[PDB]
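Contents: one structure, followed by commentary.
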Amino acid sequence: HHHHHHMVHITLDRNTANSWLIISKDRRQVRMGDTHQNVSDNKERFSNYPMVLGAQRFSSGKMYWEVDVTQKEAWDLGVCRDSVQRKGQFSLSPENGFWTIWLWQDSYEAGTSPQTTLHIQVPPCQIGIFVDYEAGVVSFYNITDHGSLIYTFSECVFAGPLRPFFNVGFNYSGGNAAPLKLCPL
Ligand SMILES: COc1ccccc1-c1nnco1
């Protein structure tokens, strides 16, 4: 892929974060805390899951960014509509405004409804995410494996501004404490 030149500088939006997340000073890393992080509640925070949005909103053009997932056991990554539900239980699906992939229990799946099995021979340590707003495409790339394609959502119906989407996952096992990190350009 030659998507690298559409690179965008993504930063995390503290105000959207689940109250247990710890976002770094530079707003480029996020991890699960072992407790509530002493913030006030607001209508933007994801209540049920360890999720956070990027600050950037996209309504046109081509955008690319990379995320480091080294040594995590569980995470979700992609892009979502600015108006996705924040409170209560929901599934990650295009019907609910999400275009995502995940790792869970040693398998990778795309957030279609129902979910789609991914075929990854080289477990990724960094994921590339490409959005073509006009074409209705969201693609995922395995940076560890020379940028090989992981998955393409096509015929996307965004139906609003898009935001970068992140889930660091729970840490019930004690093996999923590592952060998500936005990689430098
Ligand atoms: C089955 O997909 C959808 C259902 C509902 C709304 C959007 C989609 C979609 N987006 N990109 C591809 O599909």
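For the structure tokens, the naming scheme is as follows: chains receive sequential letters (A, B, ...) according to their order of presentation, residues are indexed from 1 within each chain, and ligands are indexed from 1 in presentation order.
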Where does chain A meet ligand 1 within 6 Å, residue by residue, with the nearest atom pair and distance in Å to one decimal for each, counting only C-alpha atoms and all ligand atoms, listed by chain and rising number, as CSV?
residue,atom,partner,partner_atom_place_in_ligand_line,distance
A:94,CA,ligand 1,8 (C),4.5
A:95,CA,ligand 1,5 (C),3.7
A:153,CA,ligand 1,12 (C),5.9
A:154,CA,ligand 1,12 (C),5.6
A:155,CA,ligand 1,12 (C),4.8
A:156,CA,ligand 1,11 (N),2.8
A:157,CA,ligand 1,10 (N),4.4
Produce a table with one row for each residue of region 101-155 of chain A that has an atom at most 10 Å from any atom of region 166-179 of chain A, each row naming the nearest atom pair and its distance in Å at one decimal; use only C-alpha atoms; arrange rows by chain and rising residue number; format as JSON lines.
{"residue": "A:102", "atom": "CA", "partner": "A:167", "partner_atom": "CA", "distance": 9.0}
{"residue": "A:103", "atom": "CA", "partner": "A:169", "partner_atom": "CA", "distance": 9.4}
{"residue": "A:104", "atom": "CA", "partner": "A:169", "partner_atom": "CA", "distance": 9.1}
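For the residues A:152, A:16, A:142, A:91, ranking by smallest atom-to-atom distance to residue 52 (chain A) using only C-alpha atoms places A:16 first.
Compared by their closest atoms to residue 139 (chain A), and using only C-alpha atoms, the residues A:57, A:62, A:87, A:28 rank with A:62 nearest.
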Could you give me the residues within chain A that DSSP places in strand (DSSP E), as a ChimeraX atom specification? /A:21-23,29-32,51-53,62-68,75-81,98-104,107-110,116-117,126-132,137-142,148-153,162-167,180-182
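Distances from A:88, A:125, A:81, A:140 to residue 101 (chain A) were compared using only C-alpha atoms, and the smallest one belongs to A:140.
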